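Working notes, beginning with the structure itself.
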Amino acid sequence: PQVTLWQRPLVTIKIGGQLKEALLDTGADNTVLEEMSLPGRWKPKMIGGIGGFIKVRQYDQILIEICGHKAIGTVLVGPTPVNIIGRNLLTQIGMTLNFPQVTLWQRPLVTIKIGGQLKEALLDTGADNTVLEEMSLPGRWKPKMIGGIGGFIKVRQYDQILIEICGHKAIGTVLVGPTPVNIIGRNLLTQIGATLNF
Ligand SMILES: Cc1c(O)cccc1C(=O)N[C@@H](CSc1ccccc1)[C@H](O)CN1C[C@H]2CCCC[C@H]2C[C@H]1C(=O)NC(C)(C)C
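In the working numbering, the protein residues as written are 2 to 199.
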């Protein structure tokens, strides 16, 4: 299965005897599931996203069958609004990002050029939008608000912005705000021909 990114990359997963839909998320280090019944021991953990932090129950060595491929690893359970499969499990199912091929044992970071400036950014199949840390951009913007796993942040929305992502040019909407990492989301990933393969 090669997966393009014009829509959210959702898969069916089977975990703890239950069927769920989950988001293949190259932008997430961890795997976080909405509140669900999981058996066994767990440890309290705290995880941050765009917007702040949530408390989660951490379960180790959990079997999960992702789109018909089995993996065992750590699953976090908490107040996430989308089930997300993060890199700790994506690597186990041989997931790659293609546009160069990119494995997922490390964060898929790329160099971008935008508004004359060079930045590092995360290729994030779990993000609908592109969000960049505070930076000087030219032109008008529109007040906007985006939600992450931790809640919401205020961003400035800039439309039809030119970005060169790993030497491929795209034009699209970029959001600017208090994100801790520069995020290249699906609105731009599609333009550089990014696919998810496993
Ligand atoms: C879930 C997770 C981890 O377990 C570990 C590290 C980060 C994250 C995490 O939340 N990553 C996010 C990118 S934002 C980010 C923030 C800090 C570091 C790296 C990425 C996801 O990849 C995308 N993330 C997946 C998903 C998270 C729960 C809320 C609904 C979406 C929201 C979406 C998102 O945030 N979209 C933006 C437009 C705001 C970028």
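Built from N, CA and C at the ideal position, the CB exists for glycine as well.
Candidates the options: which alpha carbon is nearest residue i's?
i: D125; options: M96, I166, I184; result: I184
i: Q62; options: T32, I55, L25, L20; result: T32
i: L190; options: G117, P109, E135, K71; result: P109
i: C167; options: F100, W142, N89, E36; result: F100
i: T112; options: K44, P45, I164, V12; result: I164
i: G149; options: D129, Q19, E66; result: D129
i: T13; options: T97, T27, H70; result: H70
i: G52; options: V182, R141, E35; result: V182
i: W43; options: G79, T104, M96; result: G79
i: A29; options: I73, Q19, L90, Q3; result: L90
i: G152; options: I65, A122, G50, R141; result: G50
Is residue i a contact residue of ligand 1, with contact defined as CB to any heavy atom under 7 Å?
i: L123; result: yes
i: residue 1; result: Outside the displayed range of the chain (2 to 199) lies residue 1, so it cannot be described from this structure.
i: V12; result: no
i: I115; result: no
i: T75; result: no
i: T81; result: yes
i: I147; result: yes
Do residue i and residue j have their C-beta atoms closer together than 8 Å?
i: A171; j: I147; result: no
i: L77; j: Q102; result: no
i: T104; j: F199; result: no
i: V175; j: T131; result: yes
i: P40; j: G17; result: yes
i: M136; j: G116; result: yes
Under 7 Å from any heavy atom of ligand 3, does the C-beta of residue i make it?
i: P144; result: No copy of ligand 3 appears in this structure; the ligands present are ligand 1.
For the beta strand (DSSP E) containing residue i, list its first residue and its last residue.
i: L163; result: 152 to 166
i: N198; result: 196 to 198
i: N99; result: 97 to 99
i: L138; result: Note, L138: premise wrong, no beta strand (DSSP E); not H, not E.
Under DSSP, the alpha helix (DSSP H) around residue i begins and ends at which residues?
i: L189; result: 187 to 190
i: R88; result: 88 to 91
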